[PDB]
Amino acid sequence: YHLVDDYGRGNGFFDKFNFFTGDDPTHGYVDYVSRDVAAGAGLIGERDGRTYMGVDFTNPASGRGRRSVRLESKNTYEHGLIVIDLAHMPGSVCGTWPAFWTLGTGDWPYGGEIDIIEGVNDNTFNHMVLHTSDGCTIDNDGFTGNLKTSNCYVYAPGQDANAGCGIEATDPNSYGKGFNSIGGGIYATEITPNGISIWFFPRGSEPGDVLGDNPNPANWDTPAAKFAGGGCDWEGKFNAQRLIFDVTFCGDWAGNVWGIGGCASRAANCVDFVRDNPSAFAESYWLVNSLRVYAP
């Protein structure tokens, strides 16, 4: 692998993304704002060299939701290695639904979708998921995570609508609260015509070449999640992928599972909570040390 795109930091970093302002596709109680508004609301910026991207934790919400940002990269990649080093990620905050993921070109889910970092509410473990068109199942081996669903098809017969094929990390510091308590870590995602692999290196355990110019995933520890096998035409299920950063609220996942999890005691429903308790979302922010993409 050789470097092809270093996102840098601060404004140079944001220059490489488009700010999504449309209604939330996942129907969350969120108000995605433009770059200027976000900048004017302290939603984006730099923090001691780290790139900051958060949500409104000051004002009571109104309109379509609590303000946040959803960044989608201008550049796209189809084969390569995506390495993100985070000092902080949106916390395990009730009502929130953060995600660092990739989305293919064309109509979803035909171009494929890779959720590298995702979770909802007070989740402890991270979920790594693939969302694809029909005809793509993965094998159960080659990774340290716990396999939940093996059919990547968004409307797979035996799984919840759009659960996709998901693998749950076993390290409680792989997401939100625990992740932030150790100062974060690194998530490396490899896309090849033979499958996808995702490695999570908690702060201090990353290999010597992961942040360098010529990383070689071949000599690394077993990945946390691996999607491969003859049950999928890996090449055809995924096309050029663009990177996406976002934090939504409630909606199809977080909002739907609000009443059965540990947040049910915060309020009758997710929206009421997110609307009236701004101070609860102070931890809902990303803090990027670096974002680099490589190619074979």
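Residue numbers run from 1 along the displayed sequence.
* Check the entry's C-alpha temperature factors for 142-150 and 180-188, then say which stretch has the higher mean. => Comparing 142-150 with 180-188, the higher mean C-alpha B-factor belongs to 142-150.
* In the PDB record, does 157-165 or 208-216 carry the higher mean Cα temperature factor? -> Between 208-216 and 157-165, it is 208-216 that shows the higher mean C-alpha B-factor.
* To do: Go through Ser68, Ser265, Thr26, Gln241 one by one and give the residue whose Cα B-factor in the PDB entry is largest.
  => Answer, based on the entry's C-alpha B-factors: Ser265.
* Asked: Can you tell me which of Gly255, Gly54, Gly45, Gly63 has the highest Cα temperature factor in the record?
  -> Of the candidates given, the C-alpha B-factor peaks at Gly63.
* Asked: Within this chain, which third does the Cα B-factor at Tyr32 fall in: lowest, middle or highest?
  -> Middle third of the chain for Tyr32's C-alpha B-factor.
* Classify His131 as lowest, middle or highest third according to the C-alpha B-factor given in the PDB entry, relative to its own chain. => Within its chain, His131 is a middle-third residue by C-alpha B-factor, going by the deposited values.
* Rank-wise, by C-alpha B-factor, drop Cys232 into the lowest, middle or highest third of its chain. => CA B-factor rank for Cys232: highest third.
* **Third of the chain, ranked by Cα B-factor, where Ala224 sits** => Its C-alpha B-factor, which the entry lists for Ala224, ranks in the middle third among residues of this chain.
* To do: Pull the Cα B-factor of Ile196 out of the PDB entry and bin it into the chain's lowest, middle or highest third.
  => For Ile196, the deposited C-alpha B-factor lands in the highest third.
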